[PDB]
Structures are given as structure tokens and as C-alpha cells.
Amino acid sequence: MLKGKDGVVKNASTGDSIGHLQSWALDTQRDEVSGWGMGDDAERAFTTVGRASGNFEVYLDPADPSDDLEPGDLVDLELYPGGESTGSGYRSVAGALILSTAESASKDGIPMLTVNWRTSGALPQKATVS
Amino acid sequence: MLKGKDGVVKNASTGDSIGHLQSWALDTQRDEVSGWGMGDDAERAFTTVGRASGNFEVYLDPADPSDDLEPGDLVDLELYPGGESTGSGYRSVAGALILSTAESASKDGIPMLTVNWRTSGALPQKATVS
Amino acid sequence: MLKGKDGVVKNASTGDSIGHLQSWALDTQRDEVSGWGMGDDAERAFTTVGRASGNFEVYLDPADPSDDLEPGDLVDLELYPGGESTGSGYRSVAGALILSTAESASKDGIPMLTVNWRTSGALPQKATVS
Amino acid sequence: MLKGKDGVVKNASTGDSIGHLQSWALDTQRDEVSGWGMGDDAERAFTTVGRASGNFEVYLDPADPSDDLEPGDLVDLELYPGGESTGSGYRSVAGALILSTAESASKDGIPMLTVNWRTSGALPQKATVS
Amino acid sequence: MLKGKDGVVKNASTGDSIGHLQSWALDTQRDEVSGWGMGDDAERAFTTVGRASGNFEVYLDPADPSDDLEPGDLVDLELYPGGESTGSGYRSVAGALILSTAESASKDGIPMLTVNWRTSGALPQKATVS
Amino acid sequence: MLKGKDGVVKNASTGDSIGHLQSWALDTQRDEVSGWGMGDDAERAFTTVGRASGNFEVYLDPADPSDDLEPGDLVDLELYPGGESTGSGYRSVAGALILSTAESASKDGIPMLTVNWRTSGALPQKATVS
Amino acid sequence: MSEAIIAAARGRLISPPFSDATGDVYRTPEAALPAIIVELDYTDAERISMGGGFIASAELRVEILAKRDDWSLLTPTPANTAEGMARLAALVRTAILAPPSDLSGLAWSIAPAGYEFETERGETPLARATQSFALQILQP
Amino acid sequence: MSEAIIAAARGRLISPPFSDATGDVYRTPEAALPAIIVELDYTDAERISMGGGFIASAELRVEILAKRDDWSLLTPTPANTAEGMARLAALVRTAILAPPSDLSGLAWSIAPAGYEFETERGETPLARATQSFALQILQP
Amino acid sequence: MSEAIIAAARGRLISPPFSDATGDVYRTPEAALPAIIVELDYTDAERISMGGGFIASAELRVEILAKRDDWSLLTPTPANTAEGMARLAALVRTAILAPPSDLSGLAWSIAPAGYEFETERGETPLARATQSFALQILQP
Amino acid sequence: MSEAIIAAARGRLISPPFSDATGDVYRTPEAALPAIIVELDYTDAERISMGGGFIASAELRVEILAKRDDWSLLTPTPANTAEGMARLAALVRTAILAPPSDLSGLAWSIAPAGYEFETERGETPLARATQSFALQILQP
Amino acid sequence: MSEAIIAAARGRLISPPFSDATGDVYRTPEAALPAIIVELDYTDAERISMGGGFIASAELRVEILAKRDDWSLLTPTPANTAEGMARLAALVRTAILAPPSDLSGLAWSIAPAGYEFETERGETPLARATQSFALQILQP
Amino acid sequence: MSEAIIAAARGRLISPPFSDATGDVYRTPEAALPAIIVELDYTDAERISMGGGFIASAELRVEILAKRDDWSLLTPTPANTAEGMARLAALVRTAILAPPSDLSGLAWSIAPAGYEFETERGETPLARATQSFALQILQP
């Protein structure tokens with residue numbers, strides 16, 4: 001039961017935490033192929049290839065690297081669900097490609113940026129921090 | 001009227017309960033073929049092949065086997081809706097294939113993982129525990 | 001204005017009430033064919049063939065026949081909207097084919113099963129109980 | 001501003017009000033064809049053919065003609081939005097074809113029936129009652 | 001900041017305000033064509049043709065011209081967002097074609113009519129009232 | 001953490017702030033192409049071309065340039081998320097094409113206009129104000 | 001229009017054979033054992049249409065005070081407060097919630113918002129009954 | 001119809017061997033140690049169908065006052081207020097929430113809205129028990 | 001701007017032929033039998049636009065105190081509190097909720113939030129009437 | 001079934017070495033310095049299934065009154081009200097919220113609804129602790 | 001940071017020519033006829049970001065007590081409580097809700113939560129005015 | 001675990017140079033002019049996981065009573081209640097809401113639920129400050 005208020009996402013290449021973040025997400029998926037024949041009760045299935053994606057939301061920032069990331073950029077992202085405390089697992093994705101960014105605001109609220117990423121050529125690797 | 005707060009899902013092969021779980025689900029479906037002819041009031045139908053799927057949600061865990069399951073893995077899952085008390089029915093699925101896993105968090109909440117599975121080559125078998 | 005807390009659904013063949021039920025539903029539909037010509041203000045229509053479907057929800061049961069029904073089974077269902085009191089109408093469907101079943105639970109709730117059925121070769125027949 | 005609690009829908013052919021009704025609806029539609037050419041600022045349009053449809057909901061009834069209507073039946077429906085008081089407009093649809101009927105109930109509620117109709121060969125005609 | 005409780009929509013041809021209205025809406029759209037080539041960073045775009053549409057809702061009326069409008073009719077509509085007070089802008093649409101009308105009611109509510117219109121051959125023209 | 005109640009959007013060409021605005025939004029996207037081969041665990045991806053879009057909402061205005069913008073117009077828009085105070089970043093989009101405008105009102109509310117724009121031939125450029 | 005609705009009520013509730021006095025502070029009599037009083041109470045409100053209209057949410061409260069044989073018109077045990085109060089109330093409910101249109105029209109909905117029986121210890125026993133009826137009236 | 005429902009209650013609660021008096025202000029006796037009183041209370045309401053009908057949300061409150069051996073019918077320690085009150089209440093609950101249709105029909109739902117045990121210090125100890133039952137009754 | 005709205009009210013309610021005094025604590029007279037007082041009360045608030053604006057939710061309360069022939073202008077039985085209070089109130093409602101734009105404009109919505117008639121036992125009978133009108137005013 | 005649940009509680013809370021008295025109005029002793037009392041309180045309710053069932057929302061309140069060395073079993077400073085009350089309460093919480101099924105079964109959920117420590121100034125200081133436990137019990 | 005916001009208020013409200021005293025219990029003077037007092041009141045709160053931040057919902061209450069010519073600066077009839085209170089209040093509102101950034105920044109939103117005029121009967125008439133301003137301040 | 005959290009608080013609030021007494025009814029001293037008291041208060045609760053866990057919603061209230069130079073540590077005008085209370089409170093807030101993990105961990109969220117300054121008229125002026133901190137603690 002990680003606390004979830006201490007999560008840190010950092011760009012591995014430039015070594016900077018992203019900024020005041022509202023939320024993070026990650027997903028991993030593998031496609032399915034099903035086949036059945038005449039006279040068969042159940043359908044057999046197998047998994048072929050894998051992709052991963054995710055998104056993070058942060059208050060709009062002109063004083064942090066939050067500002068720098070751009071659609072099309074290739075970045076290395078290390079995400080710490082429970083923080084960087086020793087023995088806390090980190091999900092590291094290499095070659096993350098940033099597909100899209102979205103900025104929004106309202107009269108009564110703080111401006112927000114949402115970044116969506118996909119993985120290219122690699123799959124997220126779990127590891128445990130020192 | 002099972003209580004539903006005592007449900008245990010265990011990986012049969014390694015004999016470990018999955019972890020602090022929020023919710024479980026299972027479904028079984030059989031496809032339909034309908035045919036009618038010129039001059040007929042109703043349409044006749046028959047069921048051809050069957051598939052099963054399900055999903056479970058658990059708080060994110062670095063100290064339990066919750067951590068280990070991966071998309072594409074083949075696992076044997078035994079699910080106890082009412083617990084392992086003697087005489088409680090268990091749904092056992094063999095050859096469960098894990099299609100997808102999803103991790104998410106928010107500033108005010110605990111991190112969560114959702115695992116989705118399908119069955120390959122087998123159908124869930126009901127049985128009663130000793 | 002039937003009360004609706006007394007509704008009983010029974011499997012006609014084995015003569016057993018299904019169990020602690022939350023809700024029932026039934027539907028009857030007939031498809032439409034419309035045709036209009038050049039120079040015509042309105043479009044004429046006719047009804048060709050008919051199908052019926054329905055679903056019922058019950059708390060999960062290991063001590064009742066609720067447990068027995070399976071996808072693909074063919075069953076005879078008699079549904080009493082207002083109960084079995086004399087003079088209460090019953091909807092009887094013959095050759096009901098059970099397409100799908102779904103089991104679910106949550107930490108704070110009782111486990112539930114939802115059964116979906118279609119009719120094959122027959123149409124529901126209204127009748128009045130003795 | 002008709003009151004709307006006095007609306008009566010009656011089957012014209014058998015002269016019976018339908019029953020304890022919850023709600024009624026009617027719609028009229030005419031399809032559109034648009035064409036524009038190279039070099040033109042706006043697109044011209046015209047209306048070709050017309051259809052009408054509607055639905056009504058009533059508590060389930062074994063003592064009224066509410067019970068009798070069936071999918072596929074052809075009926076004449078006269079609907080009084082503001083009641084039958086003299087000088088109140090009535091929408092009369094001839095040759096209404098009843099495509100579908102749906103019965104439902106829950107543990108805490110009264111059973112309900114919803115009937116959906118289309119028009120065949122005719123368009124609803126407004127008229128004022130004597 | 002027009003008040004919005006004083007809006008009047010009038011049929012220009014017969015010079016009558018529509019009636020007790022709940023709400024009005026208008027929209028104007030122009031389609032987009034995008035093209036990019038091999039080796040180009042951004043995609044260029046242009047706007048080709050324009051259409052306009054809108055809808056208004058009013059309590060059902062047997063004593064006003066609200067009653068008269070019919071699907072398929074061609075009408076001239078002048079809409080005053082802020083009323084007819086001198087110097088208040090009016091949106092005038094010529095050749096408005098009324099595609100559809102919908103009447104509805106419930107046990108606890110007043111009957112309502114919704115009219116949907118499109119423009120044929122013309123585009124709404126803004127103007128300022130004397 | 002910009003305040004978000006001070007955001008100003010101005011048309012660069014005519015130098016006028018748009019008006020009493022409720023909300024603004026911007027988005028930037030780059031499409032993805034994925035390819036995998038027989039025998040490969042993950043799917044590689046790349047980003048090809050980029051587009052940007054956005055929308056803003058303002059109370060309806062007859063005394064401001066809010067009134068002037070029209071679908072199909074090409075405009076230069078400079079958007080200040082945090083205001084025009086020195087050192088505040090501004091997003092400037094050149095060649096913004098206004099695809100659509102929508103006016104709406106209700107009995108209890110102020111009339112509102114929503115403008116949607118796309119970019120043609122250019123991509124939004126971040127810059128810092130003097 | 002309270003006066004008109006009250007007037008309808010005045011006609012509608014004058015039928016029991018005893019005077020109805022509304023809002024008389026000084027008056028608190030025991031001589032008029034069977035007692036009736038009708039109050040239009042309060043009206044909350046919301047807009048109607050675009051271009052003008054108003055509607056109100058309104059409550060009408062009817063109160064009955066009684067002793068002895070007034071309770072005992074026909075059936076036995078109307079001394080029991082509940083039976084007696086109900087006996088007068090249901091008919092009263094039908095009086096106000098009657099079929100005639102004029103009474104119904106300015107009132108629109110005439111639903112019973114609430115009901116009550118109350119007990120005050122006088123030599124002759126006096127019991128209070130309340131019959132709130134909710135009427136939504138278009139503001140003129 | 002309060003009188004009818006109260007009448008059903010009157011029949012349904014007259015069975016304990018002691019008189020039931022409802023709404024008697026002057027009466028406050030200690031001689032009738034085992035005490036029962038049933039109140040129909042209030043009815044809120046909403047429309048039914050189009051063209052006419054009304055339904056009500058209603059509360060029925062049952063109150064029991066007792067001392068000594070009335071508590072001690074069979075099991076030990078009914079002097080303890082909780083056990084004693086529960087002992088009388090559950091059976092009372094079954095009485096009112098009984099299977100017979102007439103009792104159930106005018107009542108529709110018969111759910112226990114609330115329960116309570118209360119303590120008043122008399123030489124003989126007196127304890128009050130409340131058993132609210134919510135019945136939704138169609139307005140006639 | 002309370003003063004301006006109050007000023008509009010001051011002009012709008014000065015028409016009944018009697019003085020209107022607002023917030024005079026020391027004063028509690030019976031000589032001014034027909035009595036009128038208008039209160040702007042409270043303003044809650046929310047933001048307008050981006051870049052600046054504010055709007056308020058505000059309540060205006062109008063109270064009338066009266067005795068004798070003031071009630072009896074024309075129709076019979078205005079001594080009855082309800083008729084009398086309604087008789088003065090409806091016209092008052094029209095006064096404040098009048099068509100003139102200036103009165104309406106700073107006020108925006110002018111809906112009747114509430115209505116009441118009250119009874120105080122003086123030799124001459126005095127009755128209090130409240131006419132809350134809800135006005136939403138843009139904060140300047 | 002309050003008696004049974006109370007009985008389970010009676011067994012479950014009789015373990016501290018002092019008598020537990022529930023609902024004794026006349027009794028208000030200081031001689032029984034360590035004090036325990038368990039109350040089943042109220043049950044609200046809703047329907048179960050179609051064809052029959054009922055469930056209740058219920059609250060169980062446990063109250064402890066104490067002075068002196070009863071607080072000082074082991075750790076220092078239990079005179080401090082908070083530590084002392086917590087010290088008795090947590091174990092009490094485990095007693096009632098224990099693993100045994102019978103205790104858990106009729107109770108279903110056993111969540112702590114509330115907690116409190118209170119101070120009354122007696123020569124020997126007396127402090128009150130409340131441990132509401134919410135149990136949902138199927139109506140028999 | 002209450003002190004800083006209060007300090008801003010202290011500077012912002014010291015301008016009327018009379019002393020402002022906040023939270024002086026012993027002091028209740030009539031010599032300082034024009035009276036001003038500013039209170040930071042309470043702060044409720046919620047989390048900011050992931051990794052750290054807090055924000056608060058806060059209310060600032062401004063109260064004015066006055067008599068005689070203090071009301072009568074320029075326009076006639078400020079003796080009328082409403083006009084007088086409004087006259088002082090609107091300017092006060094502008095003082096606190098002023099354009100300067102420092103005052104606005106720690107305050108974020110500065111909306112008028114509420115307004116009131118009150119009447120106390122002293123030889124010289126004293127009237128109380130409240131101007132709640134809601135400021136959301138990031139917790140440092 | 002109230003005792004542990006209270007113990008953390010006990011360590012965390014013992015630093016101001018004066019004794020902290022919690023829940024001492026008999027004690028109401030003026031000799032200990034600077035005064036501190038910490039209360040764990042109440043815990044509401046909900047289930048965790050399937051198969052077992054519980055979490056609580058809990059409130060911690062910190063109260064400070066003070067006079068004279070205790071207010072005047074450094075900056076001028078801490079006699080003003082608001083400045084003085086804020087001056088002590090913010091540091092106290094940081095004490096409890098400190099970075100150390102143990103203090104934070106059993107507490108989870110440590111948000112300031114509320115703040116207040118109060119005035120009681122003693123020769124030496126005494127002022128009360130409340131600093132509610134909401135901590136959600138997993139039930140052991």
C-alpha cells in the first residue's frame with residue numbers, strides 16, 4: 001500500500017523531476033489471437049506482441065522542465081510509484097516517445113498540462129532501487 | 001448470500017494469494033447464430049463456442065507476488081468467492097492467459113493495479129472445496 | 001399496479017424458483033422494412049420476424065439451482081410478474097437459450113450473478129394462472 | 001402551457017384509454033439532401049421523405065387493454081396532449097405499427113411496460129377536438 | 001453580457017414571436033481539408049463550404065403559431081439574442097428549412113416541443129437593429 | 001502555478017483582447033506509425049506530422065471584437081496563460097484558421113459563444129514576454 | 001394569488017358546520033369546540049419561459065381542533081385521537097383535493113405534504129390535526 | 001387511510017394481554033404497567049400515473065412501556081433493559097410485519113425504520129421501546 | 001450597490017401613503033399604523049469572466065405592519081389576516097417587480113423568494129407581512 | 001436480533017474484571033469505579049431480494065468510565081485521559097472486533113464508527129470513553 | 001500566513017481616520033464611535049500536487065460600528081442604516097479588494113462572501129456592518 | 001493507535017517551554033500562563049481490501065492559551081490576538097506537520113482542518129487558539 005502522495009517521475013537523461021504533478025498512469029498490453037474449429041467446445045488463444053502507454057498531468061510551469069517536453073520528443077522516463085526511498089520499486093521505460101500534449105484552463109482554476117506517451121522498441125522494466 | 005469481503009484469489013501453481021484486493025469479476029459467454037426463412041414467424045437460434053474472461057484490482061505491491069504477474073503469462077487461477085472455508089465453492093480456471101495490466105495513481109489516492117485475463121483452451125470449472 | 005417485490009421466476013422443467021433475485025427483464029421485438037418511391041410524401045413500413053430476450057440478476061448461490069444454469073443450456077422459463085397468486089398472469093417462454101452468465105463482487109458488497117437469455121424457435125406466451 | 005398530468009392516449013379502433021401511464025413521446029422527421037459545386041460558398045439543401053415514431057410507458061397491467069397490444073400489431077392511436085376537454089388539440093396517427101415492447105421490474109419498484117411505435121404509410125395529423 | 005431572459009425569436013414572414021420559449025441555439029461551421037507531403041513538419045489546411053443549424057425549445061402551444069410550424073417548411077427566422085431594444089443585434093437567417101420537430105411529456109411536467117432547423121442556400125447574417 | 005484568472009487572449013493582427021472569457025484550451029498532436037515483424041517481442045514506433053487545435057468560450061458581445069471573428073477567417077492569435085506581466089510566457093499561433101463558431105442561450109443564463117480553431121501551415125511557438 | 005386560493009379554501013372549508021377563523025391572534029376560544037383554520041403560508045419561486053413568467057412553490061396548511069361528539073359522528077371510538085382526526089381529515093382532504101376545476105386550476109398540484117394528530121389536555125380533550133397540501137401556483 | 005391501518009394495528013397489537021391507548025393526553029397511568037401505543041404519524045406525498053393517483057410516504061411508530069415480570073416471561077435477565085425491550089419488540093415486529101395479506105397490502109412496505117430502548121427511573125423501573133415501521137400507502 | 005437598489009426601493013415603496021423607516025432600532029411606533037420597511041440584507045458571491053468581474057446573490061426583504069381600515073380599502077374581510085396581507089402584498093410585489101428597466105436592471109432577477117403573514121395581539125390588531133425578493137446584482 | 005448480539009457483547013465485554021450494567025436508570029454508582037456498558041442502539045432498514053428479506057443498519061455503542069489504577073495497568077501516564085482511554089479502548093476494540101466467527105457473523109461489518117474520551121471532575125477523576133461499532137445485521 | 005494577510009489588512013484598513021482594534025476582549029468602547037476590526041478567522045484545507053503542497057479555504061471578516069456624522073460624510077440620509085452601512089462598506093470593499101498585487105496575491109480570490117447591517121439601540125445609534133471576504137491562501 | 005500518535009504529539013508539542021496537560025478536568029490553572037493541550041478526538045471508519053483491513057478518519061485538535069510576553073517573543077503587536085495566535089500557531093503547525101517520517105507515517109495526511117483565535121477577558125488577557133489537523137490512520 002504505497003502512499004501515492006510521494007510519487008516522483010523523473011526524466012532520466014537530464015535528471016530532473018517533472019514538477020507539481022496531479023496524477024500518473026501506466027498500462028501494458030499484449031494482443032490476442034483466437035482460433036476454433038468445427039466440432040470444438042472452447043476457443044484457444046495466444047498473445048503476440050506488446051505495447052505500453054501512459055500519461056501524466058501537471059500544473060502549467062514556466063520555471064521547470066515541465067515546460068520543455070514537446071510532442072515527438074524521445075525521452076527516458078523513470079517513474080517511482082512510492083518515491084525514491086531505498087528499496088522502493090521503480091518503473092523505467094526507455095525510448096519513451098511523447099505523442100501528445102494538452103494545455104487547458106478555466107476562470108476558476110489553475111492551468112494544467114497533460115502529456116501522453118507511448119513506448120517505442122522497448123518494454124517497461126521493473127527494478128528495485130538501492 | 002456470500003459475504004464478499006472474504007474472497008480469496010490464489011495462483012494455483014505457486015500457491016500464493018494475490019494480495020490486498022479491491023474487486024474481482026468473471027464472465028462466461030457463448031456466441032449465437034440465428035436463422036429464419038421466408039414465411040416464418042420466429043427466428044431459431046443455437047450456441048456455438050465459448051470463451052471466458054475476467055479482471056481483478058489490487059493496491060500496488062512490491063512485497064507480494066502481486067508484483068510478479070506480467071502480460072502474456074500463462075497462469076492457473078483458483079478463485080474462492082466465499083473464502084476457503086470447507087464446503088465453499090471455488091471457480092478454477094486452467095490456462096488463464098493474462099492479456100493486460102494497468103497501473104494508476106493520483107495525488108490523493110493509493111496506487112492501483114488492474115489485471116485482465118482470458119481463458120485459452122479451457123473453460124472455468126466449478127467445484128466444491130473439501 | 002403489481003407490487004413487484006413478489007415476482008417469482010421458476011424453471012419449468014425442474015420446478016425450482018431461481019433464488020434471491022434482484023431484478024428481471026423481458027423484451028419483444030419485430031424488425032422493420034421501409035420503402036418509398038419517387039414522388040411519395042410518406043414511407044410505408046411492415047414488420048417481418050420476431051425475437052425475444054431477457055436477463056435476471058441474483059445474489060450468488062451455492063445452495064440453490066441458481067448455481068446450476070450454464071451458458072448454452074436450453075431451459076423452459078415461466079416468469080410470474082405478480083406472483084403465483086390465483087389469477088396472476090404468467091409469461092412463459094419455451095426453449096429459452098442461455099447465452100451468457102456474469103459473476104462479480106466488490107469488497108463492500110455481496111457477490112452477484114447475471115444471466116442473459118434469448119428465445120430460440122418460440123415466442124413468449126402470455127397466460128393467466130388458475 | 002398544457003398541464004401534462006391529464007394527457008390521455010386512446011386506441012381509436014377499440015375506444016379504450018391505454019392505462020396508468022408514466023410518459024409519452026412523439027417525433028416527426030424529414031431527411032436531408034445537400035449539394036454544393038466547385039466555386040460555391042454555401043451548400044443548398046432539400047427535404048425528401050417523412051417518418052414518425054414514438055413511445056409510451058405504462059405500469060404493467062393484467063386488467064386493462066394495456067395488456068393486449070403486441071409487437072407487429074397495426075393500431076390507430078389518438079393522443080390528447082392536454083386531455084379531451086373541448087377545444088384541446090389531438091394528434092391522431094393512423095396505421096401505427098408497433099415495433100417493440102419491453103417489460104421490466106426491480107425489487108423496489110412497480111413493473112413497467114414500454115411500447116415503441118412507428119408510422120406506416122401515413123403521417124400524424126393535428127386536429128382540434130369538438 | 002446580454003441578459004438572456006429577454007431573447008425573442010420571430011418568424012419574419014408572418015411577424016409573430018414563437019411563444020413561451022425555454023432555450024435557443026445556433027451554430028456555424030466550415031469544413032476542413034488538410035494536406036501534407038513527404039518531408040514536411042506541419043500540415044496545411046483550408047476551409048471549403050459553410051452550413052448553419054440550430055434548434056429551439058418551447059412549451060407546447062395550441063393558441064399560438066408555435067403550433068403551426070411543420071417539418072419540411074421553409075421559413076425566415078430573425079433571432080434577437082438580447083431583445084428588440086434599439087441597438088440590439090439580430091441574427092437573421094433566410095430560407096431556414098425545418099428538418100424535425102419533437103413533442104414530449106411526463107406525468108410531472110409541462111409538454112414541450114423542440115424544433116430543429118438547417119439553412120438552405122444562405123448563411124446567417126448579423127445586423128444591428130434600429 | 002499560474003493563477004488562471006488573469007489569462008488574456010489577444011488577436012495579434014488587430015491588437016484587441018477578445019473579451020469576457022470563460023475558458024481557453026490548446027492541444028498539440030503528432031501521429032504515430034507502428035511496425036513489428038515475425039519473431040519480435042515489442043513494436044517500434046515513430047512520429048510523422050503535427051497539428052494543433054484549440055477553443056475558447058466567451059459571453060456573447062455586441063460591443064467588442066468578440067463579435068467580428070467568423071468561420072473561415074485566418075487570424076493570428078497570441079495567448080497569455082498567465083497574463084502579460086513581464087516574464088510571462090506566451091503561446092503564439094500564426095495562421096490560425098477558425099473552423100467553427102457556436103452561439104447558445106437558456107432562460108436562466110447569459111448567452112455564450114464558443115470558437116474552435118485549427119492551425120494551418122504552422123505550429124504554436126512558445127516565447128517569453130519582455 | 002393567495003386571496004383567491006384562500007377564498008376557494010374559504011368556500012371549500014366553510015362546509016363543516018362551524019366557523020373558520022384564520023390569523024386571529026386575540027382569539028383563542030374554547031366555545032367553538034369544532035375548529036377549522038386554513039393558511040396559505042409561503043411561496044418560493046422560479047422563472048417561466050424566456051421573455052416572462054414566474055411560478056411558485058406554495059404550501060397550504062389546514063388545522064383542525066376538536067372535542068367530544070364532533071369526533072363521534074358515526075363510527076365507534078373516534079375519541080381515540082387517531083381515528084377521530086383521520087375521520088375528519090380524509091373528508092377534508094377530499095374537500096380541498098376535490099374534482100372541481102376552479103379549485104384545482106389555480107392550485108395545480110394538490111398533494112398532501114404532511115399529516116398529524118396532536119394532543120392537548122383540556123377538560124374536554126382537544127386534539128390538533130394538520131393537513132399540509134402543496135399547491136404550485138403560477139404567479140399572476 | 002389511517003383509520004384502517006390503525007385498525008389493522010389495533011387488531012394486530014391488541015394481542016399482548018393489556019390495553020392499548022393512543023393519544024390520550026390526560027392519561028398517564030402507572031397501573032397499566034405493560035403499555036402499548038400505536039401511532040400512524042405523518043404522510044408525505046407524490047403523484048401516480050398520468051390522469052390520476054397519489055402515493056404517500058408514511059411512518060408508523062409503536063411504543064412500549066414496561067416493568068418487572070412483564071420483562072421476565074421466560075429467559076433470564078430481561079430486567080436488563082436491552083434484552084427485555086428486544087424480547088417484546090421482536091415479536092411485536094413480527095406481529096405488525098406479519099404474513100397476512102390484508103395487513104401487508106394497505107401497508108405495502110413494512111420496513112423497520114428505527115429501534116430504541118429508553119430508561120426512566122420509577123420505583124418500579126419503566127423502560128420505553130420504539131419500533132418505527134415505514135409503510136407506503138396509496139392515497140385512496 | 002445597496003444604496004442605489006435601496007434608493008430604487010425607496011422610491012418604489014414610498015408610494016403607499018405612509019413613511020418607510022429602515023433599521024431604526026430606537027423606533028418602534030404604533031402611531032404609524034400602516035408600516036413599511038425595506039432591507040437589502042446579504043450578498044454572497046462568485047467570479048465573472050477571466051480577467052475580472054464579480055456577481056452576487058442577494059436578498060431583499062420587504063415587511064409590512066398594519067391595522068384596521070388600512071386593510072379595508074375595498075373588498076370585504078381584509079381584517080382576515082391572509083386576505084389583508086395578500087391585498088397589500090401583491091401590489092407591493094408589482095411595485096418592486098415592476099416593468100421599468102432601471103428598477104429591473106440593477107436587480108436582474110426579481111423573483112419572490114418567500115411570503116408570510118404573521119399575527120401579533122395588539123388592541124388594534126397588528127399583522128406582519130414579508131416579501132423576500134431575490135435580486136442578483138453584479139458587483140460594481 | 002439485539003438480544004443475541006447483546007449477548008455476544010455481554011460475553012465479549014464481561015472479561016474485564018468488573019460488572020457491566022446496561023440501561024439501569026436508577027443506578028449511577030461510584031463504587032464500581034471501572035465501568036462498562038454496551039448498547040445495541042438503533043436499527044434503520046432496507047429490503048433484501050425479490051420475494052423477501054430485510055437488512056438493517058445498526059450501531060453498537062460501548063462506554064467506559066474509569067478512575068485511578070484501572071488506568072495504570074502497565075505503562076506510565078495513563079492518568080492522562082487520552083492514553084488511559086486509548087489503552088482500555090483498543091483492547092476492547094479487539095474484543096468486539098475479534099476473529100471468532102459467531103461474534104462476527106451476526107454482526108457482518110464491525111467497523112469503528114466513532115471514538116471519544118471525556119472528562120468529568122470527581123475527587124477521583126472519572127473519564128468517559130465511547131466506542132461506536134457499526135454492525136449491519138440481517139433482520140431475522 | 002495570517003499575520004501577513006492581517007498586516008496587509010492592517011495597512012489596508014488603517015486608512016479610515018480611526019483606530020482598528022482586533023480581538024481586545026476587555027475593550028468595548030463607545031468613545032471610538034467610528035469602529036473598525038478585521039479578523040482572519042478560520043482556514044480549512046486540501047493537498048497540492050504530488051510530492052507536496054497545501055492550500056486553504058479562508059474567511060476574512062470585517063466589521064464596522066458607527067454613529068452620527070460618521071455616517072453623514074456627503075449624501076443625505078446616511079442615518080438610515082442601510083445607506084450609511086453601504087456607504088462605508090463599498091469603499092471598504094474596494095480597499096481590501098484593491099488592485100495592488102501584494103494585497104491580492106497572498107489572498108488569491110477576494111470575493112465578498114457576505115454582507116450585513118445591524119441595529120443596536122444606543123443614545124447615539126450604533127450600527128454593525130459585516131463584510132466577509134473569502135481568500136484562499138496557499139499554506140506556506 | 002491514539003496513544004502512539006498522542007505520544008508523537010506529546011514529543012512534538014513538549015518543545016515550547018511549558019507543560020502540556022490533556023484532559024485534566026479538575027485542572028484549570030492560570031499560573032501556567034502559556035498553555036498547550038493536544039487531543040486525538042474521534043475516529044470514523046471504512047474497510048480496506050478484500051480479506052481484511054480498516055482505515056479511519058481522524059481529527060487532532062491542538063489548543064493554546066496565552067498571556068503577555070509569551071505573545072511578545074520578537075515582533076511588535078503580538079498583544080493583538082490575531083498576530084499573537086498566528087505567531088505561535090504557524091510554528092506549532094510546522095512542529096506537528098514536520099518532515100520527520102515517523103510523525104508523518106502513522107498520521108498519513110496532516111492537513112490543517114481548521115484555525116481559530118478566541119478572546120476571554122482576564123486581568124491578564126487570555127486567548128485561545130485551535131489548530132485542528134486531520135490525520136487518517138490505518139487501524140492497526
# chains A, B, ... in the order shown; residues from 1 in each chain; ligands from 1
$ select_by_dssp --residues "stretch 27-119 of chain C" --states "strand (DSSP E)" --output "VMD selection string"
chain C and resid 27 to 35 44 to 59 74 to 80 89 to 106 109 to 119
$ residues_around --residues "stretch 22-38 of chain G" --least-positions-apart "5" --cutoff "7 Å" --atoms "only C-alpha atoms" --output "ChimeraX atom specification"
/G:61-67,70 /I:80-81,119-121
$ closest_atom_pairs --of "chain L" --to "chain J" --cutoff "12 Å" --atoms "only C-alpha atoms" --output "tab-separated table"
residue	atom	partner	partner_atom	distance
L:1	CA	J:86	CA	7.5
L:2	CA	J:86	CA	6.0
L:3	CA	J:83	CA	5.1
L:4	CA	J:83	CA	8.6
L:5	CA	J:83	CA	10.0
L:6	CA	J:83	CA	7.7
L:7	CA	J:83	CA	8.5
L:9	CA	J:82	CA	11.7
L:10	CA	J:83	CA	10.8
L:20	CA	J:80	CA	10.5
L:21	CA	J:80	CA	7.7
L:22	CA	J:80	CA	6.4
L:23	CA	J:81	CA	5.4
L:24	CA	J:119	CA	7.1
L:25	CA	J:121	CA	5.1
L:26	CA	J:121	CA	5.3
L:27	CA	J:121	CA	8.9
L:28	CA	J:121	CA	10.9
L:37	CA	J:82	CA	11.1
L:38	CA	J:82	CA	9.3
L:39	CA	J:82	CA	7.4
L:40	CA	J:82	CA	7.4
L:41	CA	J:116	CA	5.9
L:42	CA	J:115	CA	4.6
L:43	CA	J:114	CA	5.1
L:44	CA	J:113	CA	4.7
L:45	CA	J:113	CA	5.6
L:46	CA	J:111	CA	6.6
L:47	CA	J:111	CA	7.4
L:48	CA	J:111	CA	10.7
L:52	CA	J:99	CA	10.9
L:53	CA	J:111	CA	10.1
L:54	CA	J:111	CA	7.6
L:55	CA	J:111	CA	9.1
L:56	CA	J:112	CA	8.1
L:57	CA	J:114	CA	9.3
L:58	CA	J:115	CA	9.2
L:59	CA	J:115	CA	10.5
L:60	CA	J:116	CA	11.8
L:138	CA	J:112	CA	11.8
L:139	CA	J:112	CA	9.2
L:140	CA	J:90	CA	9.3
$ interface_residues --of "chain F" --to "chain K" --cutoff "12 Å" --atoms "only C-alpha atoms" --output "list in words"
residues 1, 2, 3, 4, 5, 6 and 85 of chain F
$ select_by_dssp --residues "chain H" --states "helix (DSSP H, G or I)" --output "number ranges by chain"
H: 2-13, 68-70, 81-96, 101-107
$ interface_residues --of "chain E" --to "chain D" --cutoff "8 Å" --atoms "only C-alpha atoms" --output "ChimeraX atom specification"
/E:48-51,59-62,71-72,97,99-111,119-123
